[PDB]
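Coming up, as structure tokens: structure 1 and structure 2, two forms of one and the same protein chain.
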Structure 1
């Protein structure tokens, strides 16, 4: 029953409670093309990795099957916007390349969409092989982000 732990905020806890219906869902997306193909696994307040490292979102590199923690849910921040919700997981694995040695962080932009409870999970910004944004941004739709 390990859920999100808010970095620190109760206004914030209300937002997490609103996202409860998504806790059991799993979200995944594969990017790139052989050889350098990667796969992202995202979950709301639940483990997304296979190394029980408390990861809220992971990047799996398809050459070695290596898992990189983008962010952990025990360091969660969440904000309500005009037609969206921004979920953030901090404390991921350190970049130890050109991006510096800072720990990765995961940002998921949940747009309001009354037609679906949750869908269309897709990466927008990443630090993946050739793509060097030194920033991880994902998007998805949810009727939960409405109002």
Structure 2
């Protein structure tokens, strides 16, 4: 599809989530990236809101590129989106990423993005915070970003 897909058959989706996706529409045409870590784990993270961020038309909402060997790993897909907000933040979650091999019980990767309110920018300061891969399940990659859209 062209945009984010929420849980629930068409018509049985949360009115709250739908309204939030609409609120983030200005960000759809943007692309965000951040390179972090040192060899052999230097990565380049590419994140997009409800739009393809990879190069294989797999529906990746956020990908990780092994700088060493140009390996592209899907961290999360926008067809499995969850989104909710607090008083001055919005959390976006892309599930359905590529499966781990020797971690987290071979579960699919998932991307968690915490968008904090910042009245001075529409979108800025995207950066990978950490990766939790030491659990038997429910692992994830955490990212943060600023946006005036998360201000209520």
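Residue numbers count along the first chain shown, from 1. Only residues modelled in both forms are compared. So that the term is clear: the rigid core is the largest set of C-alpha atoms that superpose within 1.5 Å between two forms.
With the rigid core aligned between the two structures, the listed residues 134, 137, 22, 15 include just one Cα displaced by at least 2 Å, namely that of 134.
Core-superposed comparison between the two structures: CA of residue 36 displaced by 2 Å or more.
The two forms, fitted on their core, place the C-alpha of residue 76 0.2 Å apart, compared between the two structures. In the core-aligned comparison between the two structures, the Cα atom of residue 99 sits 2.7 Å away from its counterpart. Segments displaced between the two structures are 33-36, 98-100, 126-135 (runs of at least 3 consecutive residues, each Cα moved 2 Å or more after rigid core superposition).
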